[PDB]
Ligand SMILES: Nc1ncnc2c1ncn2[C@@H]1O[C@H](COP(=O)(O)OP(=O)(O)OP(=O)(O)O)[C@@H](O)[C@H]1O
Ligand SMILES: Nc1ncnc2c1ncn2[C@@H]1O[C@H](COP(=O)(O)OP(=O)(O)OP(=O)(O)O)[C@@H](O)[C@H]1O
Ligand SMILES: Nc1ncnc2c1ncn2[C@@H]1O[C@H](COP(=O)(O)OP(=O)(O)O)[C@@H](O)[C@H]1O
Ligand SMILES: Nc1ncnc2c1ncn2[C@@H]1O[C@H](COP(=O)(O)OP(=O)(O)O)[C@@H](O)[C@H]1O
Ligand SMILES: [Mg+2]
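Residue numbers (the UniProt record's numbering), protein chains in the order written: chain D, 164 to 410, 467, 472 to 816; chain S, 164 to 410, 472 to 816.
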């Protein structure tokens with residue numbers, strides 16, 4: 164076994180002292196392993212599973228069973244060697260030397276006879292035909308496997324196995340797949356409890372069950388790039404290392480696990496703990512902080528989302544469905560961005576789609592995709608692709624009233640069944656998404672008093688009272704009552720206020736100041752300048768959106784030339800004062816030390 | 164230990180003898196790696212970064228912390244050595260001779276039990292089997308690596324690590340990645356303050372703190388191929404060497481700037497009074513070539529001054545501009561003038577055509593070959609070109625004819641200036657000028673005189689209405705999360721009359737250069753220029769037909785006269801108009 168020792172590791176004597184692992188809850192797969200191994204022919208098991216799943220745990224459990232336990236005939240005292248293809252290429256200046264030692268080791272097995280082999284992730288000795296320079300030593304074992312002289316067990320991943328191993332007929336014929344899936348939360352709890360003994364033996368730690376539960380929950384929630392039964396081990400080992408490095472027996476709690484996860488990635492503690500009810504209450508000010516002034520809108524949205532987050536509804540419909548009725552330049556997009564930022568921590572967690580160009584018939588195809596064999600099949604629909612990229616996001620529908628009704632049908636199954644099927648055949652889930660439909664229906668009379676012809680002065684307070692009823696009736700008459708029944712809430716955006724414009728301009732000015740402080744520049748605005756920018760930068764058919772260009776045209780353009788001229792030196796504060804009256808008012812800059 | 168000394172080096176004794184550079188501002192990295200090594204599983208830490216950032220520096224910091232005694236138990240105080248692969252490979256004529264030495268070394272290090280090994284470029288030790296003639300000696304280390312009786316620390320880059328260590332699962336269960344990052348400006352300044360004593364002693368020179376900070380800043384902002392701790396130290400060494408080779473020697477800001485000016489060429493100047501002064505009248509310089517569009521160049525100048533004075537956000541590049549004019553009226557020439565003005569030459573505007581970047585897989589080769597792609601060497605072109613010439617202009621022609629997903633990459637271009645291509649290594653676009661030229665801004669205006677008798681005309685609302693049309697068309701045709709993240713959309717209308725005369729002057733100057741190549745010259749009267757302007761004016765076709773008109777009416781006659789022999793070297797041709805009305809013709813007189 165010298166060649167085996169050079170390019171592999173034996174398992175039977177290692178498990179004879181049993182210094183590998185205590186197997187937890189993997190009896191059925193191991194029994195199936197013996198079942199497949201006992202076959203006269205086709206006795207080449209392969210375990211398909213993700214890297215997080217403990218497929219090697221099954222193999223070492225088999226080794227432990229062979230060492231001690233119930234083992235049927237033709238399987239007792241079978242020496243099991245794991246082979247690493249990354250080591251077999253040792254000293255391979257040219258390709259032939261690889262196969263020479265390959266034949267030497269295989270004749271070593273044939274002389275040995277009582278050998279069971281375990282392979283690595285596979286599809287590197289047989290799937291090497293798609294690479295340049297890699298060793299394609301595939302048919303090396305085919306005659307010996309066909310003659311039944313050698314028995315081996317492999318392991319792969321399901322998708323890659325289907326995309327390589329299902330191609331060649333000989334490989335798929337002489338290999339029996341065995342499915343290993345991700346263990347659930349309780350199973351990981353018993354696994355952690357079983358490994359806690361060895362972890363406390365190695366790391367001088369005292370581990371509590373609540374700490375293990377918190378570790379598993381945090382690993383499942385805040386980590387998704389890895390699979391379940393490894394990240395808990397990583398967290399507990401890192402916590403043990405961090406406590407031992409700090410070190467007249473110490474203990475670990477859930478606080479240490481949360482701190483470890485935060486240090487790995489994420490904000491320190493806080494959100495990693497359980498504060499949901501208090502998390503919702505502090506949300507109210509946060510929304511009223513991001514958008515300056517909605518009162519009823521934010522209140523209704525908050526009440527709806529607090530209601531829906533208290534778990535009562537089954538996971539068959541999305542978290543929330545809202546219809547934002549209001550004119551442009553009010554802040555519906557800003558409110559949606561703020562809600563997404565609070566709920567998921569990312570600004571880009573919003574998916575914005577405009578329905579003004581979805582009016583005709585066939586355009587709706589690009590919202591789903593195309594049938595196979597036609598243009599635009601490689602890329603799916605915008606909605607389906609963007610949703611399947613980010614399962615936790617907020618869907619936004621701009622100008623819904625202009626969209627063609629057919630998509631509403633799919634919207635129906637979005638709002639009732641909570642899932643959709645794309646043209647590629649996959650399934651996209653909308654359970655964790657919140658759907659918002661922005662609309663401007665009924666705001667034309669509110670925004671513009673004159674509609675077409677001879678109008679009187681009228682009033683402006685009745686709409687201020689019954690805007691919600693007006694928009695509800697307008698949506699009921701314009702659209703199908705069933706769809707309005709499916710949707711959950713309606714939120715109406717009233718007109719802006721001058722003081723709100725003052726807060727907006729204050730935010731823009733101090734955003735400028737916090738970055739211009741690098742040169743130690745202070746910016747001061749007079750109240751006259753505030754009102755002048757408010758009047759110039761506001762427009763009823765545009766709202767507060769022209770302000771971003773207005774201040775840039777007014778302040779930044781003059782500031783740039785004033786700085787570049789040299790009249791202003793680092794370490795000064797500029798105060799803005801308006802010179803003139805009415806349209807002749809001009810912003811002027813006064814420098815102070 | 165003869166085996167260690169013959170084929171490896173000692174850092175603990177060297178740290179005890181104090182023969183290496185001091186370590187400053189790397190406490191977090193060393194704490195992280197030394198707590199990683201204490202893990203029960205995956206206890207073999209591997210450092211992932213780029214060369215010259217301080218991998219050896221943090222390793223020496225670990226060795227120093229070990230030798231000084233400010234370390235805890237659980238390896239307490241022991242020996243950390245490094246393996247020199249050059250000594251191992253040398254003296255091994257055959258593979259059997261090579262492997263028998265490695266196994267002996269590993270057996271000794273395992274038997275002593277108080278030795279921790281360090282290697283550099285770990286990718287070679289584990290991934291040499293994909294190429295012929297390279298020894299992949301991982302089998303020497305793999306068994307006892309998996310057995311947990313051998314501990315090693317590795318240094319590797321992110322490309323090699325991603326392509327070698329993430330692929331194999333077996334080692335991925337044993338190596339823990341730790342990221343090491345390039346230090347900030349204060350940390351680099353502290354490193355230079357640490358190394359100044361040694362470099363002054365060796366070079367017999369003196370260096371000022373102002374020189375240190377200026378060198379760090381210029382290395383940060385004017386060099387992209389290298390890294391801050393890797394480039395500033397080398398540039399300081401080169402400046403000291405120049406000062407010593409010139410002849472107490474002292475170096476100032478002028479020397480520490482001129483050394484880079486000589487090294488990288490293209491003597492771009494620092495923030496100077498002349499540089500700011502020329503920007504206040506640069507519109508006139510841009511009008512020396514571009515004629516007939518003052519509002520567009522004024523907007524461009526406003527944007528450039530805003531982003532140059534230090535008023536625009538640092539998150540954006542030097543500028544993002546969308547040109548959506550018709551054909552043959554602007555663009556291209558404007559970009560050339562801007563490049564010549566800004567980056568002191570015409571070699572800028574590396575330029576790309578988007579129309580051939582239409583298929584999805586084409587988008588692949590513009591930004592790096594994916595793993596498994598046949599011919600992996602076929603990486604990105606834009607990334608490499610920008611990397612090699614960071615101070616150039618990027619100009620994409622016909623952005624309409626392009627695959628949509630390429631426009632995704634542009635989001636990382638403007639939002640961050642960072643592309644971090646997989647095998648393209650560092651892709652930093654820093655402060656560059658990005659110009660997207662498209663032909664979707666073409667409407668019917670000159671023909672448009674409205675249905676009706678009418679009697680009126682306005683030339684003011686043109687820019688605002690064209691801006692509205694172009695903005696609406698772009699918003700309808702394309703997503704807004706990229707349209708909002710752009711500096712400006714510079715749109716200009718068709719060239720107007722009374723601008724043709726300057727264009728005629730420029731083209732006549734070019735023709736005059738062509739004649740002067742053969743020792744000749746050309747000059748025209750105002751009547752000839754106005755006749756050419758009248759004959760070659762096309763409202764919608766732009767200034768292109770003017771060149772054809774000159775070609776038909778001017779140098780065809782010149783060519784036939786030269787061939788006939790009437791015109792000879794050392795002559796000047798005078799062009800006049802003869803006749804009246806539409807019957808005016810050109811007359812050529814050759815004089816000495
Ligand atoms: N109430 C508000 N709170 C914060 N910002 C606002 C508000 N109203 C307008 N803005 C500003 O206006 C710009 C975007 O316009 P806004 O958020 O009003 O659009 P919207 O009304 O949601 O859009 P739509 O035109 O689709 O109705 C941003 O600069 C944003 O800061
Ligand atoms: N305003 C101008 N000033 C100077 N030259 C001009 C001007 N307008 C057009 N030209 C000349 O017209 C020719 C074509 O100009 P240019 O290459 O800039 O056009 P373009 O609009 O970018 O091209 P395309 O036809 O691909 O849209 C050049 O010879 C250029 O010098
Ligand atoms: N049923 C189980 N009982 C005990 N430990 C387990 C079990 N399943 C997984 N593990 C542990 O999870 C860890 C990671 O699984 P591993 O076998 O490395 O997966 P893979 O083989 O895909 O890399 C192993 O070290 C193992 O100890
Ligand atoms: N953070 C740092 N602390 C101490 N020295 C540093 C640091 N960063 C860079 N250096 C110095 O830069 C020089 C080159 O760095 P180098 O060791 O080649 O980096 P790497 O190990 O990443 O290749 C070294 O001599 C080192 O002294
Ligand atoms: Mg052009």
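Idealized CB from N, CA, C, for every residue including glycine.
Between ligand 4 and residue 349(S), a heavy atom-to-CB distance of less than 7 Å is absent. With 16 or more other Cβ atoms inside 10 Å of its own Cβ, residue 545(S) counts as buried. Taking the beta carbon of residue 780(D) as reference, the chain S residues within 9 Å of it are 526, 529 and 530, listed in sequence order. Assigned with DSSP and collapsed to three states, residue 319(D) falls in strand. A buried status is given to residue 552(D), since no fewer than 16 other beta-carbon atoms sit within 10 Å of its beta-carbon.
The C-beta of residue 547(D) comes no closer than 8 Å to any C-beta of chain S. Within the segment 708 to 758 of chain D, the complete beta strand (DSSP E) segments of 3 residues or longer fall at 712 to 715 and 744 to 748, listed in chain order. It is roughly 39 Å from the alpha-carbon of residue 168(S) to the alpha-carbon of residue 378(S). Residues 170, 261, 264, 265 and 268 of the same chain have their beta carbon placed closer than 8 Å to that of residue 251(S), with the five preceding and five following residues left out of the count. Counting along the chain, the unbroken alpha helix (DSSP H) around residue 362(S) starts and ends at 348 to 366. Between residue 565(D) and chain S, the shortest Cβ-Cβ separation is not below 8 Å. Ranked by Cα distance from residue 229(S), the options 796(S), 194(S), 371(S) and 723(S) are led by 194(S). For residue 555(D), the distance from the CB to the nearest heavy atom of ligand 1 is below 7 Å. The three-state reading of DSSP puts residue 246(D) in strand, counting E and B together. With the rule of 3 Cβ pairs closer than 8 Å, the segment 507 to 516 of chain S does not count as touching the segment 620 to 630 of chain S. Close CB contacts of residue 289(D) within its chain, under the 7 Å cut and outside five residues either way in sequence, are with 301 and 334 (chain order). From the beta-carbon of residue 396(D), the residues of chain S found nearer than 8 Å are 204. Look at residue 762(D): its C-beta is not under 8 Å from any C-beta on chain S. Rounded to the nearest whole angstrom, the C-alpha separation of residue 618(D) and residue 652(D) is 12 Å. Contact annotation, residue 716(S) with residue 339(S): C-beta distance approximately 58 Å; criterion of less than 8 Å not satisfied. Listed in chain order, the non-local C-beta contacts of residue 489(D) below 7 Å within the same chain comprise 385 and 495, local neighbours out to five positions each way being set aside. From the beta-carbon of residue 687(D), no residue of chain S is found nearer than 7 Å; the closest lies around 31 Å away.
For residue 222(S), the uninterrupted alpha helix (DSSP H) segment begins and ends at 218 to 231. For the pair of segments examined, the segment 214 to 226 of chain S was found to touch the segment 382 to 399 of chain S: the number of CB pairs separated by less than 8 Å reaches three. It is roughly 16 Å from the alpha-carbon of residue 739(D) to the alpha-carbon of residue 777(D). Rounded to whole angstroms, the separation of the alpha carbons of residue 641(S) and residue 222(D) is 48 Å. Residue 479(S) holds the alpha-carbon nearest to the alpha-carbon of residue 369(S) among 479(S), 329(S), 326(S) and 342(S).
Going by DSSP, residue 485(D) is part of no beta strand (DSSP E) but of the alpha helix (DSSP H) stretching over 477 to 487. Assignment of residue 403(S) by DSSP, reduced to helix, strand and coil, places it in the helix class.
At a Cβ-Cβ threshold of 8 Å, residue 657(S) and residue 562(S) count as neighbours. Using a CB distance below 7 Å, the part of the segment 227 to 260 of chain S facing chain D consists of 235, 237 and 258, ordered along the chain. Any Cβ of chain S closer than 8 Å to the Cβ of residue 214(D) would place that residue at the interface, and such an atom is present. Ranked by how close their Cα comes to the Cα of residue 604(D), the residues 595(D), 597(D), 616(D) and 589(D) have 589(D) in first place. In the DSSP secondary-structure assignment, residue 279(D) is bridged to 243(D) and 314(D). Residue 673(S) is classed as exposed because its beta carbon has fewer than 16 other beta carbons within 10 Å across all chains shown.
Only residues of its own chain outside the window of five on either side were considered, and among them 627 have a CB closer than 8 Å to the CB of residue 583(S), listed in chain order.
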